[PDB]
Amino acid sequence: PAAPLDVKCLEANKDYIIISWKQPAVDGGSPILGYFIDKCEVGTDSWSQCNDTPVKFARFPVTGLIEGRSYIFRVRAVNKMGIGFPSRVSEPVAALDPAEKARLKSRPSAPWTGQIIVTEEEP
């Protein structure tokens, strides 16, 4: 089956993140029995399958989030024959309550300045 489209995050919390997606183009090969959702902690390259059996409902709550860490998501469609390739991955989603994300986003940090690199140029 064709890969699902437009993976986005509807809602996000320390506890769980609810992610949705657009259904792929109807190939008529075998009806889509459901979908598998995979999560990855942004830094690592470890992709883990969130649901053990397929889900039909095109919005899904993801659990098992380490608080304060940011995650990306992909979806794979599944039919009778097997599983398709993954969707284009989502924008990163941080596992924070909305107020803490707002707080961090609008927080000042003292400036840092790099070494001054001096070079000669020719008039």
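The first residue of the sequence shown is number 1, and the count goes up from there.
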Comparing mean C-alpha B factor in the record for 69-77 and 25-33, the higher one is 25-33
Sorting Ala58, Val93, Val62, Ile83 by Cα temperature factor from the record, which one lands on top? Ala58
Among the modelled residues of this chain, does the Cα B factor of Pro4 put it in the lowest, middle or highest third? lowest
For the chain shown, is the CA B-factor of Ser20 in the lowest, middle or highest third of its modelled residues? lowest
Binned into thirds over the chain's modelled residues, the C-alpha B-factor of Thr44 lands in the highest
